[PDB]
Amino acid sequence: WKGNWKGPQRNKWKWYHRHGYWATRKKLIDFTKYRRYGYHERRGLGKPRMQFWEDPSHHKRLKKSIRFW
Amino acid sequence: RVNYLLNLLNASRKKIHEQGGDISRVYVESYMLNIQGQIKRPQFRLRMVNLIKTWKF
Amino acid sequence: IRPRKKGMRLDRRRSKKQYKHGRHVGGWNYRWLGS
Amino acid sequence: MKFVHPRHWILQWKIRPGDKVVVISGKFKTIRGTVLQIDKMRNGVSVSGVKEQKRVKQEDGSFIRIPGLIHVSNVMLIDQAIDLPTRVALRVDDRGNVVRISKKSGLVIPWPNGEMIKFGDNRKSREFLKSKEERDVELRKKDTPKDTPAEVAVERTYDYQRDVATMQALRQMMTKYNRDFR
Amino acid sequence: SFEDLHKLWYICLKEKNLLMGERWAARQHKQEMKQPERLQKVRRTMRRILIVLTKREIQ
Amino acid sequence: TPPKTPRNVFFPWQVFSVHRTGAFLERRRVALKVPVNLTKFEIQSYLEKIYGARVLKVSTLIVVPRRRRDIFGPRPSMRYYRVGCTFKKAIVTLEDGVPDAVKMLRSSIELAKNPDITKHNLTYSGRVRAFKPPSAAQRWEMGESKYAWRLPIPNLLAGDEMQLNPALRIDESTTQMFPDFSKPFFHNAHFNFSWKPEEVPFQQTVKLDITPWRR
Amino acid sequence: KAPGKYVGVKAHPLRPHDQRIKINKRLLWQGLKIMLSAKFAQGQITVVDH
Amino acid sequence: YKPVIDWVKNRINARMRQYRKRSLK
Amino acid sequence: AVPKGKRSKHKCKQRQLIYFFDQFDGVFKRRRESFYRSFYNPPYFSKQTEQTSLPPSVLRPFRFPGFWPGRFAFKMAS
Amino acid sequence: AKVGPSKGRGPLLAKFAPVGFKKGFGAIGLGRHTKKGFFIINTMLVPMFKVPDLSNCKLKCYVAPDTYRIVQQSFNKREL
Amino acid sequence: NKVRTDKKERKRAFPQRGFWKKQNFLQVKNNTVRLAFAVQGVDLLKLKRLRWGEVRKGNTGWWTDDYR
Amino acid sequence: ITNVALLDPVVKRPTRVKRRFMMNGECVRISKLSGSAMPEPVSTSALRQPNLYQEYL
Amino acid sequence: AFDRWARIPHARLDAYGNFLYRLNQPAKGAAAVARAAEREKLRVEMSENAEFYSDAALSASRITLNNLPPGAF
RNA sequence: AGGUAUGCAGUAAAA
RNA sequence: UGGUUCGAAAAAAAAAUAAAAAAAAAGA
RNA sequence: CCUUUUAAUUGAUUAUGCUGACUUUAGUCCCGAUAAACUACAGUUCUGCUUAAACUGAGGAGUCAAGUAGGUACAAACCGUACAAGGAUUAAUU
RNA sequence: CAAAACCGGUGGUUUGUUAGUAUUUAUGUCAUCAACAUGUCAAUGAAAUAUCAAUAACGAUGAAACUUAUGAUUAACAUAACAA
RNA sequence: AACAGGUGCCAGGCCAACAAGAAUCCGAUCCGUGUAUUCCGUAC
RNA sequence: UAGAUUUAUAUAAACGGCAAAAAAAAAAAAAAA
RNA sequence: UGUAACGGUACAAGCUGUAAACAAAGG
């Protein structure tokens, strides 16, 4: 190389502003692909069916659709 | 690394003496080696990556 | 993605494309809660 | 024995501690004994003289053998009228009481004494057969510096009218600016 | 009444502070505290206090 | 994450616990584990109202347990995890002292970990050189005048309990003998101030000759 | 993933299909008659009132 | 990560190919 | 330069024996002889192992009691 | 990855970010930034803890073990 | 690092004849700790050197045994 | 059902209804928007109409 | 921690006890109430017509179990 | 030749 | 001592954050 | 068993085949720059390089990284560690 | 020429014994993106509510054990024992 | 023979709250839901 | 259906010009989706 | 709806929301 060697930089500002959560949202990519640390639309099954021996008074299924005061 | 064999020999002698064998007339009649495996580590070089092994016997 | 292109791109949830696929843990034909 | 899937729980049991039974299958086949404990989550039964292979040494230096848990389906109730093992039917009377009828004789097999059955300390799903020594103490018969005494605990101080008035006043006189912190 | 439950809430809060201090001290040595169930007892008492008050408000 | 504190509480849920530190803490100081979202004013009011403590100061730090990799045991899963919880460490300075056996850790297994003994003569981290700002007495405003020991009022208050002459506090095993002022000697030995006593004779000011070739 | 480079990838994979074949209805008729004859010959036929 | 197979699509395509193949003229 | 073929098991065994004799006669015999000559002096006592080692001793045991003609232990005193 | 939440790093915090990153933890606001880098505090916004007079209170954290027997008998006498 | 994400294990795949011991720096640190303990009347070095079950009060040892 | 919404008795806009229980155990349905109790559902006797499509089938 | 004041066994301590307690409690909820009503009507009919049914049939009609889970059997 | 300690608007001049 | 905050100057947005919770009758 | 059928995509010494295991080369190459002593009657080994002051009215003239790189028993563990008022006015107590 | 249902509740069948299974991160990349790591939640055993006694020997339990039970399983390949 | 589950492995009749066999004989070493013979239940 | 139920997921669209910041004085100002 | 961050819980691929596994015996 010439003089002092320069390679790919580790820059938190650049990485977070170019490849972060919101930047990935603004990108044009396949959003049906699962991303561990970012936005994706591989949807889950939700809370599973109650087993016959559990207490229905404690079994829970909904959070937002029933949110009262 | 011969401390392993020395530990085995010392323990065997102590065990035989405790069981009542005469240490004075106990001989090593034969041995048998049984491989168990080898742990591999990367070794990064100019044009290739090698794997160096540590034995387990 | 760099600032000039970010300033002209729009967020994914500003359209309806998110609801036009059936991708889910079980496959590609998601049956939504409540059918 | 391992805990069984709740799919195999038995809703109402035909065998209780103190019952006389005979083992039908296994190494201990044909052996009669008395049920010493039942576990309703394990579907397990303990029978005197059966599967006694766990040894415990006690104070006098002697070894005692404790009987092991076996599956409830390997024992059959004994009808005392005919002194033979028999299948059991459960019948509910108009009073609401459940009784056992022998399938070989048609007679009622009464439940063993209820006062001879003790329940697990933290899980009443396991029952044990009391011994005479433990039964005798039944007839023969501490606080801490942070426990409230019963005379204060059972005190009733709630009045509906007072509570309504006080809560309404709290809500209606609540302020929102701290004028005494500094 | 409301006053008694209000006082008991703070009493339980102080007890919980002490118990959590003991629990953290034990965790620093990688062992379990003494009489761990007191924390569950205090938690149950406080939750039941809140239940009692909220039912009266729901009325 | 934690629920925001309402203007009126009536039922505080925040747990203040004593934290046993491996570092040193002063006489009137104590370290507490506290929820991260509380302010110094909230902490002080909480302690003064629920316990009646007379708090003088609150200092706060945010403690996040370090990342840990599970690498050691047989069949190890090389997954990342944190031991404990993120919390606010509140160091409270009060009007009265707090026992060292309460506030700090001790050990007879690792004999070096005795902060109550070692005090501030050690740093309990990777820090090599300790940084301490100047003390209040060393400051100028509200600091100790270096000639006040000669004044009438301090001597009237001293009575027979105190002797104000600084010559009496000289450590014999550290100070050197007085030198002759007319002969070469160091300033740092016995002066301990940033000026030149008039009793030291006139000193020569030497200015560098930067261009000898010109002359 | 290609044949000879991954387990579960096939060059000529089995495909779902219909296994039904075709036969002459005349052959089916003749076979029914032969089956009745065979049952009579082997004594595997009984006639009942109802 | 696992390579999960899209059986709906694969079987639909297989049926389409089978029907076309067996209806060719 | 690289080998033109794989060395066989027969030759590898031959090499094992040859290297055994080389190492034996070059290192192991000498080390054993020195070890057995060192027995005529009290065993070495490392001052850096004082904290855990036994007190210094000079006696070297006779390890075959069946060939000892003398006394093995002294009677208890009174 | 070498930057971001991967490898157990989790969400970004001011401790792990360069100077200039602004992220708190959920504390309430108690004043206003000025136009010259100051912050005017208003103590009216300090939450008010409501603490009753705990002095001379007979209640305690737990209940004595005999209370169960006493209450059970007192309720059985009514039920029977 | 402690999380073993770096590449520092790459060099450890090759032999080295030895490693610096940093004894000057480590001894300065150790003596700082010793002074901190000693100003309060503790002989940390003596404690560290004591044999298992050995009790020595004050600045005593084999020489004390010899002359007493 | 998702294409439909309950109506608040006071504001007459889409609302959410929660079941609350009094001390005696009486149940009251309360609407979020106004806090009003829901009126009792119209009776089956009043609602009844013949299902002519089933007769046609 | 076991609580002796709690009448219903804790599920994580005694799941069988919790389930049986809920089964033996009086029916609550529209579905359970309806099922109990149908069982009661059948019981009344069978008691009236006892002579036309088996003892096993009568006993089964007498069996009581409320608050069953959907698709319990 | 960024902004310094009652703080928001607001015009001019300038080591 | 810095960040924050005003300016430069920015939706050119650092997911789980804020002077940032329905916004003055605030009960002094 | 035999019989009939099977759409099995049904026979592997070989595609510098694929995924792996295990041999030969071979016990061969590979070992970075300067080191000693810690004592049977006191002490100060030698060498390479030189910002090593840490209140003197002044936060001790920076940024950045270590997603906590000089804490802690001859530990690649557990535990602990960044306080802007620096809390010990601790010239105290004894 | 013979013969002539709708809305709740409860179970069962088929899909499907003949088919397959998919939810958590370790590891790569600036990024788009790529990609079946580590057997199983599980010592062994049907049962540990059969692992007791014990420096050692003989004992105990078990169908099988201080061990072909206190993880199983080819070939290549590793080591030994015996044989003329 | 799909007369489902469980019970030490292949059980219509051992358990599974509503039918019917602890059926008999033979099993290297424990057990048998196994072989052979036979009885019974079934609008399951 | 006894209560409780933090934070993020940039939402006045249970709504109507398009168009940055879920909707921005007229005009400049431009379009196959 | 779905998912996740922190927090609590055996410091967890489970459960769960500062009431963090349980109220069912109230003018």
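Chain A is the first sequence line, chain B the second, and so forth, proteins listed ahead of strands; every chain is numbered from 1.
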I'd like the groove assignment for F/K113, based on its side-chain heavy atoms falling under 5.0 Å of groove atoms. Major or minor?
minor
By the criterion of two distances each under 3.5 Å, are Q/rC41 and Q/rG59 a Watson-Crick or G-U wobble pair?
no
Give G/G4 one of three labels, base, sugar-phosphate or nothing, depending on what nucleic acid heavy atoms sit under 4.0 Å from its own.
base
ring centroid sep under 5.5 Å plus plane angle under 30, A/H58 with T/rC22
yes
Given the side-chain rings of F/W13 and F/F11, with only the six-membered ring counted for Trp, is the space between their centroids under 6.0 Å?
no
Using the rule for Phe, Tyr, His and the six-membered ring of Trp, do A/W22 and S/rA10 stack at under 5.5 Å and under 30°?
yes
Taking the chi torsion of N/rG10, is it syn (within 90° of 0) or anti (everything else)?
anti
Taking the side chain as every heavy atom from C-beta outward, state whether B/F57 and B/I35 have any atom pair closer than 4.5 Å.
yes
Can you tell whether the side chains of D/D163 and E/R56 come within less than 4.0 Å, N to carboxylate O?
yes
Aromatic ring of H/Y1 stacked on base six-ring of Q/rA35, 5.5 Å, 30°
yes
Both distances under 3.5 Å and Watson-Crick or G-U wobble geometry: does that hold for Q/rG28 with Q/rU68?
no
Using centres under 5.5 Å plus planes under 30 degrees as the test, is K/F25 stacked with P/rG70?
yes
Partner of P/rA26 under the Watson-Crick or G-U wobble criteria, both distances under 3.5 Å, comes out as none
Quick check for you: among P/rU9, N/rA5, O/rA28, whose closest atom lies nearest to any side-chain atom of J/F38?
N/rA5
Hey, does K/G18 reach any base, or is it just sugar-phosphate, or nothing, if we go heavy atoms under 4.0 Å?
base
Parallel, tilted or perpendicular: which fits the ring planes of A/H19 and A/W15, with parallel below 30° and perpendicular above 60°?
perpendicular
Pairing check, R/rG12 versus R/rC40: Watson-Crick or G-U wobble, both under 3.5 Å?
yes
Ring centres within less than 5.5 Å and planes less than 30° apart: is that true of D/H8 and R/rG5 in this structure?
no
By the criterion of two distances each under 3.5 Å, are T/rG8 and T/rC15 a Watson-Crick or G-U wobble pair?
yes
E/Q59 or F/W13: which one's nearest nucleotide on RNA chain T is closer to the 5' end?
F/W13
Decide if a Watson-Crick or G-U wobble pair links Q/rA43 and S/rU9, counting it only when both distances are under 3.5 Å.
no
Does the side-chain ring of J/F16 sit on the six-membered ring of the P/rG67 base, less than 5.5 Å centre to centre and under 30° in tilt?
no
How are the rings of C/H24 and C/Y30 set to each other: parallel, tilted or perpendicular (split at 30° and 60°)?
tilted
Check: F/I109 main-chain N/O paired with F/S107 side-chain donor or acceptor under 3.5 Å:
yes
Where each residue is assigned the nucleotide of RNA chain T containing its nearest heavy atom, which of E/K55 and A/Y34 is assigned the position nearer the 5′ end?
A/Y34
With both atom distances required to be under 3.5 Å, do P/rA77 and P/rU16 make a Watson-Crick or G-U wobble pair?
no
Which nucleotide in the set P/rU72, Q/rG20, Q/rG59 lies at the smallest distance from any side-chain heavy atom of D/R55?
Q/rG59
With distance as the sole criterion, do the side chain of F/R29 and the base of P/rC83 form a donor-acceptor contact below 3.5 Å?
yes
